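Step one of this worksheet: look at the structure below.
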Amino acid sequence: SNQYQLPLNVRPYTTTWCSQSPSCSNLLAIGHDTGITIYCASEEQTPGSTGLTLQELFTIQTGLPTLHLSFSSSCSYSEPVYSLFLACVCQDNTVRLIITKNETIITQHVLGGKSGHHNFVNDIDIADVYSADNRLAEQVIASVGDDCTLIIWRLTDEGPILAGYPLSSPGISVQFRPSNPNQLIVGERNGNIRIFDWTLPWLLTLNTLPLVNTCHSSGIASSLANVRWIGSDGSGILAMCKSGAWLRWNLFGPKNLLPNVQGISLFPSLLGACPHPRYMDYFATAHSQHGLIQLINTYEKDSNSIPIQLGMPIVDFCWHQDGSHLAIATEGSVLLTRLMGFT
Amino acid sequence: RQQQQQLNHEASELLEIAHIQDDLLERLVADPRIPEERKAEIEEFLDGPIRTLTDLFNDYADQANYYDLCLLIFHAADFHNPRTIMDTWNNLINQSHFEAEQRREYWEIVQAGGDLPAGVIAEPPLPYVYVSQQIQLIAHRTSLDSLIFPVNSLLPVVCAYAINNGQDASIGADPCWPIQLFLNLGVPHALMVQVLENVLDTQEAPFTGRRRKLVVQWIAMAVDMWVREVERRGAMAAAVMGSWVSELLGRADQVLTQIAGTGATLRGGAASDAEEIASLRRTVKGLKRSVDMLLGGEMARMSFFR
Amino acid sequence: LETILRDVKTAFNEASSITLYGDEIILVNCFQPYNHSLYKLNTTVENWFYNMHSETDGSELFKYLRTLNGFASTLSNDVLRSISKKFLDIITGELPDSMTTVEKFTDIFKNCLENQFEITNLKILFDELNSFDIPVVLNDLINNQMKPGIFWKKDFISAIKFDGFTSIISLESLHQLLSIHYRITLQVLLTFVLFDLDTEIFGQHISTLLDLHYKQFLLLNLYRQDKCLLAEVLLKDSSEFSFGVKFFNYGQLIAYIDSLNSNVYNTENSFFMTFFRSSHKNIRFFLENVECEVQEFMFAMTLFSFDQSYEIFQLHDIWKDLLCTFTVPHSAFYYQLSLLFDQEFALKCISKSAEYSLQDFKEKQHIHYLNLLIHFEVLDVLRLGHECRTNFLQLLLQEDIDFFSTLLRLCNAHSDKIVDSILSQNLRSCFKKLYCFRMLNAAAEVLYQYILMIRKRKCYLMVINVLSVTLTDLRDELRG
Amino acid sequence: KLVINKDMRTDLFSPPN
């Protein structure tokens, strides 16, 4: 493990790799109480133990807390100059898209007030949509909140298009489908899981609550932590409960009648699962409060693998695109740790 | 010298255990709530050779809920267990509070004409006074250097007790009494402010909402004593404080601005503490001024004539 | 725990005997003291609920409900929850009021239902659905079965004393009824999002259903959040029946439960939010939900008990403090918030209010700001401000006295009456001489001379440099 | 050396034998 300190007065809230855009996949953003900081990951000589070190590049000041953070495919590099596009959520309950050239915010769009969410925003994600001619036609941001609303915010050539959709319960996560921006997934706090075609009722709703194996009772309150697609065509869906209970469904052949596989993490997962970018069957989950991280294999290859235990709480974490490195933001730092097995 | 010290050390430890055992035996024999049949049995096993600290704790001190002696036992045993220690502190505070309330009730019955329960010997200290007497007696016996005085955990608990039991101005007590107690006991000023900062940032109940007004008052009182100490130490040497203390007072002013605003829009009518908070703002600004002057150079020029 | 709780409950509930409560009420007494089971005559809807996989015959409404359940039972819990959430979102505005019904239903479908059910069961449902005269069946369900009656008081024997038994039996019965209602309502709404049912024709029903579902959810939530409190607010709702009720037959009981149902579907929300405030987590769903000027302030105080709170409050315009603030009605609100969190929120609000405002109030605000800043410039600002209560300032500067000295030096550098005098007095109250000199920049010279009346050389020297008679005297003294 | 064992003790509030 190598450890890289965040500035002394910087409290991290969120950590994400720029896996969404290959030109910028070595860019790391930390949303904190005064903005979003960008770091670069480089192969040093090091020892080929952790043959990867972190270089802090710069800090984008915003003046208020950043709670969720997503890079877009529009990110680019030039010589040098970084052209960034970031979706995030701020203390004023607004959802924003910030477009920068390095630390300087050259452009900013803000969706808030009554036109925005009418309660706390719980999650956000972003994807670039191109026309048939293949110019940038739209950038699309999806967000979910405690106002029982899902918001699709499309920024198009002739300007913004806003749409709201009602939910049976607070939205706790949302993510567009890989290799198919026409589809996306929305998570409700109550265990409902929506598959949605925004170009169009919405196509499908699964639910983890009634499926709990109950060989070991998952408890009275098993609030849904997370749902994410897996695979590079978005061939699968993985859902994780706060309790640690997880379930996986695949989407291809024949007729289907239950979720394909199911299990339970050793610990609660407040932050939910972070699926491996290269190995579908694998995902990571943290015991954020004691600072341990379990690695789970869906086809039970795993047998309780806990590669990571810190002596401190974990605020957030995410896989580097290479699949062997992990970046983890803790309350005062970010660690890059390399698991030798995944190399 | 090595052979002397090793014997003086063995005699010091055994004497510490023996005094605990003597305090136990005396208290158990005198306890009204102990049956006579058991007392004779206690006197047989404790009025002889010195017993291990395990036995004294399990078979006697824990069975009779003598939590003060439990804490002395955790000290003599170098007992590394913060959670049990704090559980014992919580039991000792609550036990003492209930005993003080009981004695004040018996008193009020005498001053009103009633009759006490049979076999009850007839202005006893308020509960927070008897509680802090218990903390002092332990502190002098263990010297504050013990692991039974983790100020980071014990000061918030005592402050919690004061709030959740109204040991404040309503009954005529000094609202800062928890801070006075630990300062006089000799807790260093920097450590107090350091803890109080953590109380204010994390907002753990009951230190929440508008009761953080009281947390700010404790910080004001602690920093004030710290300033007076630095000024005194400067005059002393004629014949540490960082910017974090200044930042802490700025945040404290923001908390007061937030509490006053919330107080002005409460359902049922505005809050009554408007001027009380305005006063605290002035005190906090005055302290930030003093601290800013010390930090800014006046601390390196304390031994110089003005 | 799950298992032991279930077993302990089961044990406790072992049956022992029958008691005919009242005239005709079937009561069973259990092995464990304080544990009884009442057996309650089902209403029509309850009979439908409890006999889906049975009723050979049944009315049209029953068959309709059975087919709806036939489809909805194939969906999973997570899906159903996400759908329920979305239906809440329509009321809360998280699904904007700007959208058409068709658009919200499309949102719901894509996000929740697409790919989440077997198309075969959809076909089964559509077919079965085509046999029914939907407007009529829905009419009978909404306006007869589910929406209860207007009462001209139909003798719910008023209890003179609190009756804990009838209290818990009533609350549990209400909970069963509303749970059943909830499941039905959700299944129907579901059918409204899946099929092209004229959003105008059924506009009334849809909005009634979304209104009813919502209320159902709320109640059920409160039920599992704090039963005692729910009972308390639900019985202090009815005035003449504040203490409770007595029922001696099944008709009186059913009628009372229905009565409470009416209360729920129709002054309640306010009484209950009030009693509550005087269940933290639920009221978030239900301040995002149940709130959608008054609702704004509620959202504020609830979200405070911090960014969201402050923002909402500012945009718009413990209990005792709140009452005081209401009586005053910005300054008061911020002061109260600051006091209550006394932290970041507090300090921020206080600072903002103080700024927006700029003898008692002024002094308090100033002191607070200064303290907060010294804990986290401010000094000089406040000073110049007040200058443009002198003893107060003397005390503030008393607290100030290294950081203070640095600030003073900064102010003097920037410059290069009352304030000056106060400062001189405080300084006069090595270090001392230096501070005095720095501030006065004659006073310096006087102080140095007085102190003098290595050290000698340094003083004489400093004096000579500052002056550049006195010099000659100093030189002569140093030479002597 | 201290070892807490709440399991098997002797009832301090009951006579012997």
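For the record, the sequence lines run as chains X, Z, C and E.
In terms of our numbering, the first sequence has 372 at position 269, counting the first letter as 1, and numbering is strictly consecutive.
In terms of our numbering, the second sequence has 177 at position 113, counting the first letter as 1, and numbering is strictly consecutive.
In terms of our numbering, the third sequence has 570 at position 22, counting the first letter as 1, and numbering is strictly consecutive.
In terms of our numbering, the fourth sequence has 51 at position 13, counting the first letter as 1, and numbering is strictly consecutive.
Where is the CB? At the ideal position from N, CA and C, for every residue including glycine.
- The three-state secondary structure of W153(Z), taken from DSSP, is helix.
- Taking CB atoms only, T118(Z) has a neighbour in chain E less than 8 Å away.
- Shown here is that no member of the region 225–255 of chain Z has a Cβ falling below 7 Å from a Cβ of chain C.
- Counting along the chain, the unbroken beta strand (DSSP E) around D300(X) starts and ends at 295–300.
- Listed along chain C are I915, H916, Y917, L918, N919, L920, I922, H923, each with a C-beta nearer than 8 Å to that of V348(Z).
- Secondary structure note for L214(X): its beta strand (DSSP E) is the uninterrupted segment 207–214.
- Interface with chain X (8 Å Cβ-Cβ cutoff): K633(C) is included.
- Contact between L766(C) and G350(Z) is absent: CB atoms are separated by about 50 Å, not below the 8 Å threshold.
- In summary, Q85(Z) is buried, with 16 or more beta-carbon neighbours lying within 10 Å of its beta-carbon over all protein chains present.
- Annotation for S310(Z): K352, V355, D356, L359 place their beta carbon closer than 7 Å to its own, counting only its chain and skipping 5 residues before and after.
- Note on geometry: alpha-carbon atoms of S175(X) and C121(X) lie some 8 Å from one another.
- Judged by their CB atoms, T615(C) and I690(C) are not nearer to each other than the 8 Å cut-off.
- The contact set of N55(E) on chain Z, defined by CB atoms closer than 7 Å, is empty, because the minimum CB distance reaches about 10 Å.
- With respect to chain X, the C-beta atom of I805(C) has no partner C-beta closer than 8 Å.
- In this structure, the straight-line span from the alpha carbon of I866(C) to that of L770(C) is close to 23 Å.
- For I732(C), the enclosing alpha helix (DSSP H) begins and ends at 712–742.
- In summary, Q973(C) is exposed, with fewer than 16 beta-carbon neighbours lying within 10 Å of its beta-carbon over all protein chains present.
- With respect to the 8 Å criterion, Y917(C) and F893(C) are not classified as neighbours on the basis of their beta carbons.
- For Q286(X), the beta-bridge partners assigned by DSSP are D300(X).
- Comparing C-alpha distances from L327(X) to each of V315(X), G426(X), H319(X) shows the shortest one belongs to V315(X).
- Around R976(C), the beta-carbon contacts reaching into chain Z at under 8 Å are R370.
- Per the Cβ contact rule, the region 795–805 of chain C is in contact with the region 692–706 of chain C (3 or more Cβ pairs under 8 Å).
- Apart from sequence neighbours up to five positions away, the residues of its chain that approach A848(C) with a beta-carbon distance below 6 Å are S857, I860, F861, ordered along the chain.
- With contacts defined as CB atoms closer than 8 Å, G366(X) and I417(X) fail to qualify as a contacting pair.
- Annotation: the region 149–178 of chain X contains the following complete segments of the beta strand (DSSP E) (minimum length 3 residues), in chain order: 156–164, 169–174.
- No Cβ-Cβ contact shorter than 8 Å links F704(C) with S790(C).
- One finds nothing in chain C with a Cβ atom closer than 9 Å to the Cβ of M285(Z); even the nearest lies about 11 Å away.
- For the pair of segments examined, the region 979–994 of chain C was found not to touch the region 562–573 of chain C: the number of CB pairs separated by less than 8 Å stays below three.
- In the structure shown, the three-state DSSP call for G618(C) is helix.
- Within chain C, no C-beta atom comes less than 9 Å from the C-beta of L155(X); the nearest is roughly 36 Å away.
- Given a length threshold of 3 residues, each whole run of the beta strand (DSSP E) inside the region 123–150 of chain X is given here in chain order: 130–135, 138–145.
- For the region 267–296 of chain Z, the beta-carbon criterion of a distance under 8 Å to any beta-carbon of chain C is satisfied by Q267, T272, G273, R274, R275, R276, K277, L278, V279, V280, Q281, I283, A284, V287, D288, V291, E295.
- DSSP places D655(C) within a helical segment (H, G or I) once states are collapsed to three.
- Boundaries of the alpha helix (DSSP H) harbouring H934(C): 926–935, taken from the DSSP string.
- Below the 8 Å Cβ cutoff, chain C contributes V627, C660, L661, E662, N663, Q664, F665 as neighbours of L307(X), in chain order.
- Closer than 8 Å to the CB of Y883(C) there is at least one CB belonging to chain Z.
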